[PDB]
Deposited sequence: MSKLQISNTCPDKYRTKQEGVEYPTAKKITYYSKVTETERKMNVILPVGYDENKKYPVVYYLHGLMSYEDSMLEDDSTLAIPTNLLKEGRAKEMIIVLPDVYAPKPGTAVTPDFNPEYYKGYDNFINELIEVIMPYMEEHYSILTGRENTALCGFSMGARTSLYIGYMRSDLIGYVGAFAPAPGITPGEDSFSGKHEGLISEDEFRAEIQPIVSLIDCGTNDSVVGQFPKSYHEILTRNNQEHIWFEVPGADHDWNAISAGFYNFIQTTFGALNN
């Protein structure tokens, strides 16, 4: 079945000569959840045909530079196309949200702190009440958990795990690349979104995947702790480490490379 690569080969995370890659279009929309105008990038597949329907991956940034964050390295645009060429991924639509979606009147400046993190926690409502309906009503998409993936980096990865397990009925594929502390209680001090024994779902993700560099200076051993908790709870998932990598694009690209090989039935 799947052969997990601890490191992403350069050929897949970089744009190859003579290959066409998809492009991002920035969408401005209104959110009834934040009561503000917001933005997201939508990346349609090459040769997008409105007479076909496509599965969707939502890819969540961490504390970086909002919806453009995951375009800073070419792995996001390159990996799905490069796999597709070898028959190793499905055609898909990629959405890059602005994940910081605080309730009205509660926005604070970015801080590695639970108060700022509340706006990431609220993204569950932005995704389900605003962005998913936006995508269904503006693009030719396949709906349902078998056609819906959610992945992210750092605070975006914590948020992907949280939404992926709390709403596994909507999300079939969950990818967490170096997830941040605080889904569960841990030591600043995180009181936890949920208890360790609560970190599970009544319906399993089709694929759940977590990676981390072995030298991550920002989230440390918290991804491994999530691996350990999910194991204790028999929530099957893929866990792997990226040798020598820090909180960086080597860890992210290895995560996205392995994740996209699994999404939407690509392994058959």
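Asker: How would you write out the unmodelled ranges of the deposited sequence, numbered from 1?
Answerer: Model skips 1 to 2, 190 to 193, 275 of the deposited chain.
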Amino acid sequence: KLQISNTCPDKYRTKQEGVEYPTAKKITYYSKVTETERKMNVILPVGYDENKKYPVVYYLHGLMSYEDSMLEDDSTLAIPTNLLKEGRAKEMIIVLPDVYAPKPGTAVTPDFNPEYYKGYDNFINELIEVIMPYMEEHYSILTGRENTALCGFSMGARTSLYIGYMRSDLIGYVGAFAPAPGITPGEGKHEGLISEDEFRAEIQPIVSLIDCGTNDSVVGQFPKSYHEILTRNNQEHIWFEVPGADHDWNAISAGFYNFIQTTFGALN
From here on, numbers count along this sequence of modelled residues.
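Asker: Should the higher mean CA B-factor in the entry be assigned to 163 to 171 or to 148 to 156?
Answerer: Looking at the record's C-alpha B-factors, the answer is 163 to 171.
Asker: So 45 to 53 or 220 to 228, which one's hotter by mean CA B-factor in the entry?
Answerer: It is 45 to 53.
Asker: Say you rank 121, 197, 126, 72 by Cα B-factor from the PDB entry; which sits at the top?
Answerer: Of 121, 197, 126, 72, 197 has the highest C-alpha B-factor.
Asker: Lowest, middle or highest third: where is residue 236 by Cα B-factor in its chain?
Answerer: Middle third.
Asker: Ordered by C-alpha B-factor within the chain, which third holds residue 108? Give me lowest, middle or highest, please.
Answerer: For residue 108, whose C-alpha B-factor we compare with every modelled residue in the chain, the answer is the highest third.
Asker: Could you tell me which third, lowest, middle or highest, the C-alpha B-factor of residue 61 occupies within its chain?
Answerer: CA B-factor rank for residue 61: lowest third.
Asker: Taking the C-alpha B-factors as the PDB entry records them, is residue 215 in the lowest, middle or highest third of its chain?
Answerer: Residue 215: CA B-factor falls in the middle third of its chain.
Asker: Using only modelled residues of the chain, where does the Cα B factor of residue 244 rank: lowest third, middle third or highest third?
Answerer: As the PDB entry reports it, the C-alpha B-factor of residue 244 lands in the middle third of its chain.
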